[PDB]
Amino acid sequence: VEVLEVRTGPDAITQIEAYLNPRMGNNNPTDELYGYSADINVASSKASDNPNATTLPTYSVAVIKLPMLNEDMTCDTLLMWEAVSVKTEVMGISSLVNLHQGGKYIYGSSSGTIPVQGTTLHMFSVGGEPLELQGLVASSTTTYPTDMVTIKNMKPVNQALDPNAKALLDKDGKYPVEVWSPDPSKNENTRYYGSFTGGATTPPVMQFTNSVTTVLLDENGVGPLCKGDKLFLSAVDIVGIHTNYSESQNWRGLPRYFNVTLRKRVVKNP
């Protein structure tokens, strides 16, 4: 679609806000361990790697419906909502500042417990359509739960780049992060931003503020354009691993807030 100028005048700007709850494996709000995975079940061998669905963190996604812009669809030009900037925040960070939760002792049984630590993964995206994904796994011989969306008919090539392994992030809590990542060869109409630090016991590091805005405009001054007046918000915020007294382990996630400013953009009627 040919993109023209920004539409000026009163009522040309709008703003939405939303939060996405984490989807660490216990994904129902009545689950005792909502916001965590179940105890990790580890592969027995290369050939026998059957991770339980509840142990696998997935991506969060929400579709926000925006006000309808075009009365009749037959004028030479149309309007689309253009995402211009976002304020985003990982919520409840200070919940990890807690040394009394049941778990593994830091020293002996007189000490506090080890807080959430280890691998972290933070991703947010804002687009005018679903986030486009690339499949890649640690091991093609893992058998994934069938009620999740994973790579069909995996082979060892899927341990690196197979250009046939593509998907859309179109379902909340279904696409495992260990299988899918943002596809940089597409996503022309989405801006995504991601951060990873690995390790078993790494100290998690996070900032929180209401003073920072990310501008979503591309090199040409154009932000994501919302097809069918729909805005797509995606996230994952794995903040580390909680270790229990018995040494079993649960992934821990946190929710993410989005505040997106949008404006009206003229496009040519296709």
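Note that residue numbering begins at 1 and tracks the sequence as displayed.
Chemist: Any chance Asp72 is unbuilt in a third or more of the other entries we compared?
Modeler: Yes, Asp72 lacks coordinates in at least a third of the other entries compared.
Chemist: Averaged over C-alpha atoms, is the B-factor higher for 57-65 or for 233-241 in this PDB entry?
Modeler: Per the PDB record, 57-65.
Chemist: Could you settle it for me: does 135-143 or 68-76 have the higher average Cα B factor in the PDB entry?
Modeler: It is 68-76 that shows the higher mean C-alpha B-factor.
Chemist: So if I compare the CA B-factors in the entry for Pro203, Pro224, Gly35, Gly221, which one is the largest?
Modeler: When the deposited C-alpha B-factors of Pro203, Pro224, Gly35, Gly221 are compared, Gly221 is largest.
Chemist: When the modelled residues of the chain are sorted by Cα temperature factor, does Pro182 land in the lowest, middle or highest third?
Modeler: Its C-alpha B-factor, which the entry lists for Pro182, ranks in the lowest third among residues of this chain.
Chemist: Going by what the PDB entry lists, where does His122 fall on CA B-factor within its chain: lowest, middle or highest third?
Modeler: Lowest third of the chain for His122's C-alpha B-factor.
Chemist: What third of the chain does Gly102 rank in for C-alpha temperature factor, lowest, middle or highest?
Modeler: For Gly102, whose C-alpha B-factor we compare with every modelled residue in the chain, the answer is the highest third.
Chemist: Test of reading the entry: by CA B factor among the chain's modelled residues, which third contains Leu262?
Modeler: It belongs to the middle third of the chain when residues are ordered by C-alpha B-factor.
Chemist: Grab the CA temperature factor for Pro115 from the record and place it in the lowest, middle or highest third of its chain.
Modeler: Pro115: CA B-factor falls in the lowest third of its chain.
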